[PDB]
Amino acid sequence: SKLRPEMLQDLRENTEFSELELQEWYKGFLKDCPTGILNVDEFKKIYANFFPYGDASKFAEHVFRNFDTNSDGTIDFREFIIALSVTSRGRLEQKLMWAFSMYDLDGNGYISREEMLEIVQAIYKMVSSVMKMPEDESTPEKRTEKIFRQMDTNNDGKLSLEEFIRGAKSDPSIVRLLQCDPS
């Protein structure tokens, strides 16, 4: 029905959403999902609005796994709203931290080529049908080639968090963003 005063204050501290926005999200989340529990099939349907269902399936599964921080197979409102807050309203530093953990498939603290390519392939499959791409990065192999060499500092075939944040900052989309710095 409505968020309790204790949960509302905990979510206030853990998100960048206002009290009005938090209450507005909770009713809509409960409307769109009566049980308060998002499974993979429902999550795939959300993503199916923006890109074709079959194409988006593999990447949608990987995102769902990162959303699910307690790894129990479902997403509650807290796990949804915190994950949505970081991705849409979080700082660039902490956005990349949330991203790093998604690429880290086994959960050791390192991104191998077997993991990095797998996520890149999943992005390319979803994107292919409506987005045209460049040319020197127009292959999942061409992409993972550019990434690892620009990031793997000590060349152990693995990517640490510190390598990830620094290496991603040279991305064209972030290059545009950094010119909008207030100071």
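Quick note: we count residues from 1 along the sequence shown, nothing fancier.
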Task: 145 to 153 versus 115 to 123 - greater average Cα B-factor per the deposited record - done: 145 to 153
Open item on the list: Highest mean C-alpha temperature factor of the two stretches 40 to 48 and 136 to 144, which is it?
Closed with: 136 to 144
- [ ] Between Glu16, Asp10, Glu19, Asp171, let me know which has the highest C-alpha B-factor in the entry?
- [x] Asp171
Open item on the list: What third of the chain does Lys158 rank in for C-alpha temperature factor, lowest, middle or highest?
Closed with: highest
Open item on the list: Could you place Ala56 in the lowest, middle or highest third of its chain by Cα temperature factor, using the values in the record?
Closed with: lowest
Open item on the list: How does the C-alpha B factor of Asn108 compare with the rest of the chain: lowest, middle or highest third?
Closed with: highest
Task: Ranked C-alpha temperature factor of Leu30 among modelled chain residues, by third - done: middle
Task: Third of chain Cα B-factors occupied by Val130 - done: middle
